[PDB]
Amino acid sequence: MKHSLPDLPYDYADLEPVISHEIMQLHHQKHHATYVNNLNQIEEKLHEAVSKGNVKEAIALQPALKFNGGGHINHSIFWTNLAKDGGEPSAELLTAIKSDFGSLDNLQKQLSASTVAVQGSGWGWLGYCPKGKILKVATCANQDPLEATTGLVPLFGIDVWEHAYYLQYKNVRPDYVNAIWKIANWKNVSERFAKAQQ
């Protein structure tokens, strides 16, 4: 068993004009592949340490597992979160969206603001709190994955690492964050919401 780089649900140029094909190819083939490749090696070293009962070595490996494992989790979710033909939120999801945010417009505004405000590299997420049964906006630093680090089940994420938009948008992160809503795969988000309530 090993982790593998998932195929994108679309071709590399399918998200143009919102995300360029060069960003998509680099992001997928170089950035995500690197996280996966490192993840496999780190997981092996971690299993080795844990099997030995070597607590020092297991702790030492934690930042690398979080970063690469998180990188893999986050990008895997991200690819599915996007579509040229996203559709619209499910009836169940919109009820909750209206309940916790008032409207879809309020949700998009709040997620966009929080995401743009990330200092350095990171992610913005729409998440579901299983315990509170409530929808939440959260941000994560670097590749810290949402669920593992907060308990929130990720529904929709926006990658704001500079590699996610710089070639196209340069320093103008807000233009990317607002434009990404045009390609939000609501069908996928709705599916994730349904699973998160199980």
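Residue indices: 1-based, along the sequence shown.
If you average the C-alpha B-factors over 41 to 49 and over 128 to 136, the higher value belongs to 128 to 136.
Stretches compared: 91 to 99, 104 to 112. Higher mean C-alpha B-factor in the entry: 104 to 112. Taking the PDB entry at face value, the top CA B factor among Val172, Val153, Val160, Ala58 belongs to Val153.
Looking at the C-alpha B-factors along this chain, the one for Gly69 belongs to the middle third. Ranked by Cα temperature factor within the chain, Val36 sits in the middle third according to the deposited record. Among all modelled residues in its chain, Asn54 ranks in the lowest third by Cα B-factor. Annotation for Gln168: CA B-factor lies in the lowest third of the chain's modelled residues. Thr149: CA B factor lies in the highest third for its chain, per the PDB record.
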